[PDB]
Amino acid sequence: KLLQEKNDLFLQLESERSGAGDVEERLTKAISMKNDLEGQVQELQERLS
Amino acid sequence: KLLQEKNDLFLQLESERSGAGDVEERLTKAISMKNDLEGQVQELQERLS
Amino acid sequence: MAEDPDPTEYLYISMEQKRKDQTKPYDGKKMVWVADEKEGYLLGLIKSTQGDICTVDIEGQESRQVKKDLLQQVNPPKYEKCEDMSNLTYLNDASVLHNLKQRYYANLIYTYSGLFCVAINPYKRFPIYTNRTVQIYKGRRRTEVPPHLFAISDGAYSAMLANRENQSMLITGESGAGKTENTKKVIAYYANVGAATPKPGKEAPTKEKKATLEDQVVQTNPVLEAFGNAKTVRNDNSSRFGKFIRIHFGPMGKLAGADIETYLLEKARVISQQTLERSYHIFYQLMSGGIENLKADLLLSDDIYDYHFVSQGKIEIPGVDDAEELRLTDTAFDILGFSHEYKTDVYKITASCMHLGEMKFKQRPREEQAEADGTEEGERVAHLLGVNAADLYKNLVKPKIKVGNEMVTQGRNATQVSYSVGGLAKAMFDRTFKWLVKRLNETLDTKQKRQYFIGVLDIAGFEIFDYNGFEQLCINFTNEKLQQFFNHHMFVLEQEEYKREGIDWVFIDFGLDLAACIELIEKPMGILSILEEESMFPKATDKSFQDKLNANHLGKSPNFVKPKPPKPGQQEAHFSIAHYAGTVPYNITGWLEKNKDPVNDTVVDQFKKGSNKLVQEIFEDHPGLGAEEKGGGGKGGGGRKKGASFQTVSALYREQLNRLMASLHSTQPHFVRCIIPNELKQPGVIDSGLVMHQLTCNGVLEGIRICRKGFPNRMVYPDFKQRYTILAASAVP
Amino acid sequence: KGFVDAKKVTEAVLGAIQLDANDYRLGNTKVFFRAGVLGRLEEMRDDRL
């Protein structure tokens, strides 16, 4: 039973790490997307000039 | 050792859970500035044309 | 005995101080402290005051006209060479300066300023860590326990075991302020008092009488110091890594285990050291101590000066050998529980890194695809790994180049190969010491006791030189935060603890803060800086890095010292941060490759398919070390953490920063503020120019102004009420 | 025990297994193998093997 609290706290932890696993991919995908949107912006302004 | 590892995990469960929230704030940075950038792509493309 | 209590011998200061009348007719009442060059601050007398101007002479009698607000009021010798600093009254600068200079020089290094002591690193092996010192001190009644580090650790052990809250022990210092040597004495209290050490034989000199956990936890520190320590221009014994010791305590009193983390390692110095620095200690030991047999199987030269990754030459360490020190440490493996194979196996994986840089690439201009002129140099590496020779010497120059996801062979050009070979050395050493510290911890993990602790923030650095790179910056990046935790713990968390304990205390502060420069929370630290958000793109440089710091901090952030022009046009790129102990010059050109780490894939993948057990373990995922190329999806690593590229270590040093700091502010701190007396590495020499910067800058004047009334002894109310009770048989019944 | 010129060390090992230095040709870094020679070496081990 003491170990079952250790079991659940560890199952949980792993699911927040795996939620953050999602968030790893999600985050870096959003960062890479920013840099393309930058390249969409900066130049399109420059083509106005 | 198990009566302690109960509280041990709980402490680390604060550790990874704030780490989820803060990195999600840095993901909120993306989720927010995305709209502005799309707005900028709208106002850019429409005027160069 | 005259406000002070009763003395002991050299361990204490001269604490049966006199009250010699001569000092007294000077308290009348217009003497002051004045700026001199020679001592620092000195004694002056107000003779005549011209309103806001003052004519004050000096000990030298030179009559000088001064402007009011400099005149620091005289604070007389009632407080000369006491054990604790506390009692000193007029805490303006001179009053503290004088008093510490002549403490160090009067043999007392470690001086009390409440709990957080001041220590001016002696640089000597002082015979005060004797078991005399550590036999009397078996949970002693602290007057016989005077200003040495055993009491500090006694007072930690004596609060903690009772009051059940987790603890820290944090020594700060600058370059070669003997950090490690100090922590060995924290541990040398613990290893000879509170544990099961059978003491009734009374030997003051060499004890060596159990417990075995004590004899083991000690030996892991020489083992750590042979491998991870090397030398610098300032520092002979330069721990080229930064560790954290979690000293564990069980249910009943005595030791339970010890968890050492490790932060960085200086793998970059392995190709060539700069100026008078020495290579990683373990190496030289293995060279000189090895015998005729071992010498063959390991592939040592008989002659010296061959060993091509030892630059400048063979430099010595003052007053130690290399050769007998081998035989000490090898048996400190035996004593830990290593096996007769694994002995040879750790040295096998260590010496190849001394070898490798022997591989002489040479220009054959028909193409420039150089291959290296020999085999011996490569074989003395190859055997000790027991990797496929037919792979190494082909596939290093001709690897299976992954094009996107398909595969085309390429021959590599001369310098890429030399560089990748130097890369192969820095790959081997980094991975192994990280393998080693865990495989050390495994023997000393709290084997069915309890993980209750003291965390020791033993990060070895803050070491100032002309060359400071990224390497220096990521070490210096904690040490900074440590001085920030000083502010956060000398004002703040000291008394925040008094507050939690609901004591008779008054919250008072002064105002010292780094947080208007340096980033403390893991995400501020994982926003710092133009390195994780941009290391993946081909056009970013250490030049745009400097320019984006110069955009994103300068003018408006007053703490960032800018370069003295190595930036207009032609940069090496330098900048500085206002870190307490010293404005330090950094260089930026290079960092990118130290935050990408580029080797050869095909060979380290084929090394994964290696032999010799330990040599093998050092390679893969499953725990998470190498498996080092191919493509984890596009994150930046790694494995944990992040995806693929080889490394990215600055983000992994986010991952452990969160978990460490979270603990640190929860676990109540003990501190020791170690300072250095001279530049020249010398024993006993103190310098006043240095000391005048340093005692201003370590938070010392301010850090007596509160911590004077701050408490250095701390234990528990139930025991102390119950151990006393009937002393008042008149008053309490 | 006596490793020195690796060229000279290798002539000795290959001289004990009796191959003149013209079936395997030497250069500086590398050894060239004529037909059979490498896969005769493999065979020689793999006789006892």
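Okay, here's what the table says:
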read-out: Long-range amide H partners of C:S238 with built H, under 5 Å; value: C:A230, C:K231, C:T232
read-out: Cβ-based exposure ranking for C:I315, C:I247, in which fewest neighbours within 10 Å come first; value: C:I315, C:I247
read-out: Contact order normalised by residue count of chain C, Cα under 8 Å, 6+ apart, percent; value: 18
read-out: Relative contact order for region C:16-64, counting Cα pairs under 8 Å that sit 6 or more residues apart, in percent; value: 22
read-out: Proxy reagent accessibility, fewest Cβ within 10 Å first, across C:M1, A:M33; value: C:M1, A:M33
read-out: DSSP-defined beta bridges in the protein assembly as shown - what % are antiparallel, rounded to 5; value: 75
read-out: Other-copy label distances relative to A:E14, 7 angstrom Cα-Cβ extension, nm; value: 2.5
read-out: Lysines with Cα under 20 Å of C:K343, excluding same-chain neighbours fewer than 8 positions away; value: C:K295, C:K434, C:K438, C:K613
read-out: Beta bridges per DSSP with both ends in chain C, % antiparallel, nearest 5; value: 70
read-out: Region C:37-152 shape via C-alpha gyration tensor axes, a/c threshold 1.5; value: prolate
read-out: Cross-link partners of C:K709 among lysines (Cα-Cα below 20 Å; sequence separation of 8 or more within a chain); value: C:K78, C:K81, C:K499
read-out: Karplus 3J(HN,Hα) series, Hz, for region A:5-22 with 6.51 cos²θ - 1.76 cosθ + 1.60 (x for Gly, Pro); value: 4, 4, 5, 5, 4, 6, 4, 3, 3, 4, 5, 8, 5, 6, x, 5, x, 3
read-out: Proximal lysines to A:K29, defined as alpha-carbon separation beneath 21 angstrom and excluding residues fewer than eight positions away on the same chain; value: B:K29, B:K34, C:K523, C:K539, C:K596, C:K630, C:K635, C:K641, C:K642
read-out: Karplus-derived 3J(HN,Hα), 6.51/-1.76/1.60, for each residue of region C:212-222, Hz, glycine and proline x; value: 5, 4, 5, 4, 7, 3, 4, 5, 4, 6, x
read-out: Vicinal HN-Hα couplings computed from phi for region C:119-127 (Karplus, 6.51 cos²θ - 1.76 cosθ + 1.60; Hz; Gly/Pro x); value: 10, 10, 3, x, 6, 6, 8, 8, x
read-out: Neighbour-count order for C:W435, C:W33, fewest beta carbons within 10 angstrom listed first; value: C:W435, C:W33
read-out: Amide hydrogen neighbours beyond the local backbone of C:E261, cut-off 5 Å, H modeled; value: C:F244, C:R246
read-out: Nonlocal amide H pairs with C:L170, under 5 Å, H built at 1.01 Å; value: C:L457, C:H670, C:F671, C:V672
read-out: Sparse-neighbour loop sites [trypsin sites (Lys or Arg not before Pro); region C:49-119; at most 15 other C-beta within 10 Å; DSSP]; value: C:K78, C:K81
read-out: Label-zone membership for region A:13-42, site B:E38, 7 angstrom Cα→C-beta point, backbone N under 19 Å; value: A:26-42
read-out: Chain B residue with Cβ closest to the axis mapping B onto A, distance in whole Å; value: B:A30, 1
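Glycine gets a Cβ as well: all are built from the backbone with ideal geometry, and neighbour counts include every protein chain shown. Read-outs: derived from the displayed coordinates by stated rules, not from any lab.
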